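Chains as they are written, first to last, in the authors' numbering: chain W, 297 to 305; chain 6, 96 to 413, 422 to 459; chain 2, 5 to 213, 216 to 239, 242 to 263, 267 to 282, 334 to 507; chain 4, 21 to 92, 106 to 168, 171 to 328; chain 0, 557 to 752; chain 1, 197 to 240, 245 to 393, 413 to 446, 463 to 517, 536 to 639. Following: one structure in structure tokens, then a few remarks.
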Amino acid sequence: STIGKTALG
Amino acid sequence: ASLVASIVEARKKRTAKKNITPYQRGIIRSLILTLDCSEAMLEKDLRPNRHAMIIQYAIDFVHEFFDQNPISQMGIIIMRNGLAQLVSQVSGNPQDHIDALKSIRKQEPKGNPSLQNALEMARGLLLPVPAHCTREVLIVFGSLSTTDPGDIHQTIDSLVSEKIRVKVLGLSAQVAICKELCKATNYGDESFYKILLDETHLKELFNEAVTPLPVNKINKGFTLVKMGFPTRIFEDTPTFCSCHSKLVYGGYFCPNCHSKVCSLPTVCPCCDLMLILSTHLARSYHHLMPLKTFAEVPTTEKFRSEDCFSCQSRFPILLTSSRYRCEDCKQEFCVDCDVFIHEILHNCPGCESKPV
Amino acid sequence: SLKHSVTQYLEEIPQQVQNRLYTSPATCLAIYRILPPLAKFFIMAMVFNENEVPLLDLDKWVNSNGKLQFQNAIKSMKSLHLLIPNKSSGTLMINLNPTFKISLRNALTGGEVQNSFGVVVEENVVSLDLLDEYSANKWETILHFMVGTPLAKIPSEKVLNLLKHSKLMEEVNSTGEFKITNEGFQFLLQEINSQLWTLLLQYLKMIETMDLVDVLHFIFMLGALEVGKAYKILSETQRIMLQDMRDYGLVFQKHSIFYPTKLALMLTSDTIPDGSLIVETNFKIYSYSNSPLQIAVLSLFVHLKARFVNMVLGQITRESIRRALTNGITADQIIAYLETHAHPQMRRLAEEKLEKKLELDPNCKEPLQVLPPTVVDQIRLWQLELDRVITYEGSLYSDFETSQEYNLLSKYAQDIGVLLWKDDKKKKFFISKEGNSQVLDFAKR
Amino acid sequence: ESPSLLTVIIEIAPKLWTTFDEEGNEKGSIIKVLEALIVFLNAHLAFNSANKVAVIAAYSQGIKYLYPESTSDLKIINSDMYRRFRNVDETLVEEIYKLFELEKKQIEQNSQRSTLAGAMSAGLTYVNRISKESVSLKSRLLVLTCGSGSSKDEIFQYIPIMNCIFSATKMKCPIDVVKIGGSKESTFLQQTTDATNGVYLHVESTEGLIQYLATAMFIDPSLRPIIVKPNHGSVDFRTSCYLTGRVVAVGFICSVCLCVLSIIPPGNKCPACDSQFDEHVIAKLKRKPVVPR
Amino acid sequence: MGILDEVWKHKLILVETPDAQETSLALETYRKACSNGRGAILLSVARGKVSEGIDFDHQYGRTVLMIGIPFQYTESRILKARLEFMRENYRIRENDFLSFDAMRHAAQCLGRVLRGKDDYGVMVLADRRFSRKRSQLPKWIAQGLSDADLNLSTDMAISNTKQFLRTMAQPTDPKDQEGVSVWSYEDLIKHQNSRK
Amino acid sequence: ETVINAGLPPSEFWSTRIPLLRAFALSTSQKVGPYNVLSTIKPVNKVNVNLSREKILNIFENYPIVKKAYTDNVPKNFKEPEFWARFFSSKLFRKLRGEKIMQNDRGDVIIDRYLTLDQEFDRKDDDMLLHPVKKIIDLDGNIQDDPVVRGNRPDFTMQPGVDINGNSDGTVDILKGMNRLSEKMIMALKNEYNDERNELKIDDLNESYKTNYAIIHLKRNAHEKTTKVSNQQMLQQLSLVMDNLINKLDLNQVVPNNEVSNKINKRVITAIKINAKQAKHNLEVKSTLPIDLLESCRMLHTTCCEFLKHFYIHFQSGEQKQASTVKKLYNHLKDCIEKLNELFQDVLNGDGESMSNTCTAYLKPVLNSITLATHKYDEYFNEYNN
Ligand SMILES: [Zn+2]
Ligand SMILES: [Zn+2]
Ligand SMILES: [Zn+2]
Ligand SMILES: [Zn+2]
Ligand SMILES: [Zn+2]
């Protein structure tokens, strides 16, 4: 589950 | 009706256990374990695959076999690529056999099995073993066809000449040659070839082979074996071991050549007399004089007491009294004690308490 | 946690107070049971020997492997002043506290105990009918008030005041109501034994001038008493505190004689399942809990929809999780409650998934998950929504004549950990309101 | 950090204790051990509330359970004593009170063999039921024996006691032995203690037995690996010959019934299995060492 | 197609041939392979010479596969003349006799598998038309045939065969067959007394 | 170590290692069983077919004709690889594997010339296989049991298929090949390296097999180990303990005195210290000696143990003729004692006595065993001989 990882961009 | 069903079911099961006599059994034995590692092992009948379950249960059998029989020695062979491959020399060290089986884990089975090649290799392995030892072969066969380079019937006759008894645990269905091999080598007994019917039954078949087999009247092997009991020695400075030539702090000093051996029970590396402790002999006494099976008391007859003699557990009031009394001392026991007193503990508590 | 939390509280007690506490054998037995298992071994050996024993011999008693345990055992004993060291003739001797040694010896053997354990009256009362029901009702009532659900009966004023002063279940006069904070929900999650000590420890802290030693002796003594078997009513401070425990349900009085409650026995030490629930990917919840408390606690962060006698069914909605987070509950607690009360079917299905995953690729190992991943992720994301925008209170400093002064002020604020934002290009920096006074004082000097 | 069941097997035979009392200056020394045992049980119960206790007695005409009292009252201990300890102590004192009365009634009856082996077997069975009932308790066995009194025979006691070692090892249940007798050590009990990671202790005088029990015997199964066994003796793991009856360093065993023999039996036949032996094989064994002529 | 190649891995392949002596040698090899554990498969004709007399018991016969109904060549002048004569004289329908002739030759092959009562073997009648001819089999063969097994596929038959062979290898309780499937002298005397 | 510098006879060394030698020999003296090698080869336009040395050997063994064709062409006609390419493209390969011989194809010019030789070999093999058959299963007699029967000839469905011209279809030829291949495999198994009556009898009706396991009843009467009060006294003691227990029991008295408690504690600690001295040192264990010296000690110990093992084997052999061999072993054993002493002297002058004590302790048990062997041998030699 990816929640805290930096948002893609 | 369930409670009475359990009792009658137990009685039916207990019926097979009712008959027990002190059959003479060879405590000292040499067993060559042959395992089938061929394309037939890739089948998924036994999850995950036949190879994995056989190898895993082999490890348990090795541990159980050397715990019940400490003096015995064992060897491991595997049929692979149409040839019999030796994976561990016949010895009395369980660790070596366990390690050999562990290595075989990764090996992928392939090719066809060869009973003759395995039996010929097993025949050679069981030659140096002393005469007093009872030769034994435990083949775990999984295929339905055997490809041999020669006439296997000659090997069966040779095995009978060398007094080698073969036990075969088939996996799929009966095989004509396997049945003949077991029957011929077991003095005509046809009960030494068994094919399982599910995963659970395999463990029971493996555990059964642990116990020593009875010997026939005609066969004679009575003899004496020279042995000694070494004394554990504590030393401040480590010393070289005669068995492995390695530095070990402690060991057992031989009572003949004073050579130190890392572990027991093993043949002395110098004067080749089997060193053992009194406990090793003790473990096998219960086989010689098994404890007589208990008979359930009738409900009508009165009971000696309201509580179990050994563990003091009240017998449930309940249909049929759940009391089992030992014939020799006539003292009731519970169901838990009945299984315990005949599987783990090998002496009836009441009999020892009785003063003669 | 009781084996450690209670130990920490005892250590904080002054040495003189601890020596007084060891007078009662009953307390000594309780203090004996809380020490590490290795400490028990050494203490018991020293109880029956009236002589000094060197520390080296005690070290020799332990094997090489268990050296770490020995270090912990000696530290714990020294912390509680149980072992008194003496240095003389170049030898470090250790002896047991005479007060603790004598009291502990009296407890084990038959001797004078000054009626510490009480006196039996031979008047037994059925526990399954009255004492158990009384204990459940009192604990049920106090817990219901803690959860916030309406309930006609109100807890006594003394317990209400303790909760008000207590950190958990914060109450706000401006709102005019009482609400559950993060600590309050943690208390609910904790087992009965942990919950009981949680309240008892707070009461011990609150009481000032009822002597502390007298209260502690009664509490430890209460554990010794068995369910039922009333004992004759003991210091005056104990009597009033006994009434307080009665309000808590720890003790039952017929009006003369007080019957120890089942909770008292539970206070001594430790010792489909009820309360379990199923969470589906559709966010529905079905809890097989018939207890009134289980429904109330679940309703805190779940939008209940209907109920049967056998079970209660609801659904997680943005409103429910939002309400719980606003109260003060963290998303981690919400998942923890759901996982610990997972239905056996969910556990069985999760195990099957893990087995299949291991079969596909046993090289990689992952933790077993009982709840569906999506439900957990959605709850976590909802919490992140509340913290979407962060607001700080402070002041902004700018318009600096020289860059050096601005840099020095920014560095000073960062050092004391009160700088929130800075920008050298604009020569501006914003600091927290807490550090505003410190920054202003530094600027003046 | 888990409960540990403690089973005590105490051999109380008037013949053994009477000899010990007569040999020593003290009279009625059995009381000292009995009272010390009560303190020992209290100490075990104080270690942890969860753990339990069991006591088994092996008297002349059989074995009885001192505690727990069978489901099927005099005041002897202080009433103010803690109820948890008082219950065990009161029942034990009542049971031993009755047991001594039965022994007095059966004094005329004569017992030619000891019953320690039966009690040890009974104790192991009690351990088994406790583990079966609860699913999760460690177990331990303590044996109190007196060696001052003369023993008519002990070979019969080898097989039963030896079997218990395997049973104890399977459950990983240590068995400790405390001996109060003239002889420094035995041969069977000592082997039992060292074969299952247990403590063996011998005390010359009954006085001060509590110190021994509290310091040495008081090793719970939870912390067995980290504690060092105070036992100082060394077991030999040897057995006496069938015929000569002497400890054998190098000897012979027949493959049939597995019985030790220091020397070749007369008649070339095993004393035990009554089975003949080939003359050729025994001749090979009797061969003298090869020496230059 | 290469199907025989896959067969060669598991069993030797022996085939009946017009020469009588060569067929005898094939039977000798087929028996030897079965006895020594190598395993062999015998391809023969239902209406041939091997079916009339050679008994494939115990290890020799563990599975019998009937590839089609052994029908006679319908377009034969001799057969047509006999059928017409039989119909006019003995009043036997042509179709009835043809089924009778085919079934007798299939039944005889099936019956060569068993020598005693301990012997076991799996009989396979691989043909669509055998489904409706169950009543024409010998009574003892029909009794062992089940309704579920009346119309089967290859996958179902193989799964059924595997379970059957596994079960039949297990030891049988003597009490089960002590006095029902086999009679001792005492049992025979008891039965005789009961009749009288 | 034990045969170059030691000088022990090479033959004696292998005497005690027989099982290891036998296992090694059997690891290469066993061969797989016969099988249809050609049926395993699948060509899988260009097609790649793989071969292995084991595969090549199997083809030669099962099919002598291929071996005869190969042996001629090995270096002479062309290189080996070209042979297999020609062979697999020839009609001989098709015939050998039982494939029906289609209309004359390209095949191979050279290999096809051996078809006549292959047919001759097959005829010879068929003659060898042919032999009298047991009358129980014989089928020639059945057809000839009525030599005069001249009934109607069977339809074409009961006869081998024939072509329009009347020539044989050719299916029977491949069928006979299967029979020949199976017979060749089974006959090859039986290499140099009333019966029917028993089979016909129904076994199920025979008497059930009865076990004949022996039974033994051991006598539990063994000798006792070898290097009383009156009833009234027992009753008096029993009464005294009975009165004491009922009267009053004081658990406080259980506490020991100051002096006795110290003595009890001292004894327990002393035993613990001795035990603790052993439990701290109860992959190879770390050694203080240098690696090079340690390895030398390992070599000396290993050779010393080997000498002792052989000496005891001959000493206990119980054969007078072994005396000659025993003498040499004894002399070798004596020399080892000097070597052990010599090594200690070298360490004494090499390590300055610092490691000499450690080295002596390491080799002390083996040295004690060797000197014991000499004393036992000398003592027996002295009295018995003279
Ligand atoms: Zn070693
Ligand atoms: Zn030796
Ligand atoms: Zn029981
Ligand atoms: Zn009995
Ligand atoms: Zn014997």
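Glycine residues also receive a C-beta, built at the ideal position from the N, C-alpha and C atoms.
Interface flag, residue 457 (chain 1) vs chain 4, CB-CB below 8 angstroms = Residues lacking coordinates in chain 1 include everything strictly between 446 and 463, among them residue 457 (chain 1).
key: 8 angstroms Cβ cutoff, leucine 25 (chain 4) in contact with chain 2   = Chain 2 contact via Cβ: absent.
request  = Closer than 8 angstroms, Cβ to Cβ, to anything on chain 6: give me those residues from the segment 598-626 of chain 1, in chain order.
outcome  = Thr611, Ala614, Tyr615, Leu616, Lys617, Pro618, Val619, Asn621, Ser622, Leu625, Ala626
request  = Can you give me, in chain order, the residues of the segment 230-253 of chain 6 that have a beta carbon less than 8 angstroms from any beta carbon in chain 0?
outcome  = For the segment 230-253 of chain 6, which is checked against every Cβ of chain 0, the residues closer than 8 angstroms are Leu239, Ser240, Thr241, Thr242, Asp243, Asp246, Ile247, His248.
key: Partner residues on chain W for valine 438 (chain 2), Cβ-Cβ distance less than 8 angstroms   = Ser297
ask   = Can you tell me the Cα-Cα spacing of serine 238 (chain 6) and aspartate 131 (chain 6), whole angstroms?
value = 8 angstroms
query = Cβ-heavy atom distance between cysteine 366 (chain 6) and ligand 2 below 7 angstroms?
reply = yes
query = How about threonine 242 (chain 6) and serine 267 (chain 6): do their beta carbons lie closer than 8 angstroms?
reply = no
message = Could you check whether the Cβ of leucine 536 (chain 1) sits closer than 8 angstroms to any Cβ belonging to chain 6?
response = no
key: Selected residue, minimal CA-CA separation from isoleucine 248 (chain 2), among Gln261 (chain 2), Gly479 (chain 2), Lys235 (chain 2), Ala393 (chain 2)   = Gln261 (chain 2)
key: Cβ of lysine 137 (chain 4) within 8 angstroms of any chain 1 Cβ   = Yes, its Cβ sits closer than 8 angstroms to a Cβ of chain 1.
task = Identify the contact partners of residue 394 (chain 1) in chain 0, using a Cβ-Cβ distance below 7 angstroms as the criterion.
result = The model of chain 1 omits the segment between 393 and 413, and residue 394 (chain 1) is among the residues lacking coordinates.
ask   = Is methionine 197 (chain 4) closer than 8 angstroms to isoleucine 29 (chain 4) when the C-beta atoms are compared?
value = no
ask   = CA-CA distance, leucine 242 (chain 2) and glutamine 192 (chain 4)?
value = 57 angstroms
message = Just to confirm the assignment, what range does the beta strand (DSSP E) spanning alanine 725 (chain 0) have?
response = Here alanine 725 (chain 0) belongs to no beta strand (DSSP E), and DSSP marks it neither H nor E.
message = I need the straight-line Cα distance from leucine 297 (chain 6) to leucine 258 (chain 2), nearest angstrom please.
response = 57 angstroms
ask   = Would you say the beta carbon of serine 408 (chain 6) comes nearer than 7 angstroms to a heavy atom of ligand 3?
value = yes
request  = Rounded to whole angstroms, what's the CA-CA distance from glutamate 426 (chain 1) to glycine 609 (chain 0)? Just pull it up for me.
outcome  = Cα-Cα distance, rounded: 28 angstroms.
ask   = What does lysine 355 (chain 6) reach in chain 1 if we use C-beta pairs closer than 8 angstroms?
value = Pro618
ask   = ligand 1 heavy atoms versus the CB of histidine 353 (chain 6): any closer than 7 angstroms?
value = no
ask   = Who pairs with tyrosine 270 (chain 2) in a beta bridge, going by DSSP?
value = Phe260 (chain 2)
key: Under 7 angstroms from the C-beta of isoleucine 412 (chain 6): neighbouring residues of chain 4   = Simply none; closest approach about 12 angstroms.
key: For ligand 4, residues whose Cβ lies under 7 angstroms from any non-hydrogen atom   = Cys429 (chain 6), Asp431 (chain 6), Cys432 (chain 6), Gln434 (chain 6), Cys451 (chain 6), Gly453 (chain 6), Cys454 (chain 6)
ask   = So does the segment 174-189 of chain 2 actually touch the segment 376-391 of chain 2, counting three or more Cβ pairs closer than 8 angstroms?
value = yes
query = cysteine 590 (chain 0) CB to nearest chain 6 CB: under 8 angstroms?
reply = Judged by the 8 angstroms Cβ criterion, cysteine 590 (chain 0) is in contact with chain 6.
inquiry  = For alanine 135 (chain 6), which residues in the same chain have their Cβ closer than 6 angstroms to its Cβ, ignoring the five residues on either side in sequence?
reply    = Closer than 6 angstroms at the Cβ level, and outside the excluded window around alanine 135 (chain 6), lie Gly237, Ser238.
inquiry  = Between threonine 91 (chain 4) and chain 6, is the shortest Cβ-Cβ distance under 8 angstroms, so that the two count as touching?
reply    = yes
request  = Run the proximity test for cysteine 363 (chain 6): is its beta-carbon closer than 7 angstroms to any non-hydrogen atom belonging to ligand 2?
outcome  = yes
request  = For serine 69 (chain 4), return the contacting residues in chain 2, with the cut-off set at a CB-CB distance below 8 angstroms.
outcome  = Near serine 69 (chain 4) (Cβ distances below 8 angstroms), the residues of chain 2 are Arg37, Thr279, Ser280.
ask   = Quick one: what's got a C-beta closer than 7 angstroms to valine 10 (chain 2)'s C-beta in the same chain, skipping five residues either side?
value = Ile38, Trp201
request  = Alpha carbon to alpha carbon, how far is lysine 205 (chain 4) from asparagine 144 (chain 6)? Give it in angstroms, no decimals.
outcome  = 31 angstroms
inquiry  = Give me the chain 1 residues within the contact set of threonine 116 (chain 6), using Cβ-Cβ distance strictly less than 7 angstroms, ordered along the chain.
reply    = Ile434
query = How about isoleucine 397 (chain 2) and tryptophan 444 (chain 2): do their beta carbons lie closer than 8 angstroms?
reply = no
ask   = If you measure beta-carbon to beta-carbon, which residues of the segment 409-439 of chain 2 are closer than 8 angstroms to chain W?
value = Only those residues of the segment 409-439 of chain 2 whose C-beta falls short of 8 angstroms from the nearest C-beta of chain W are listed: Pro435, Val438, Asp439.
ask   = For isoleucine 146 (chain 2), which of helix, strand or coil comes out of DSSP?
value = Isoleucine 146 (chain 2): helix per DSSP, three-state reduction.
query = For a contact meaning CB atoms closer than 7 angstroms, what does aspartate 340 (chain 1) contact in chain 0?
reply = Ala576, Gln577, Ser580
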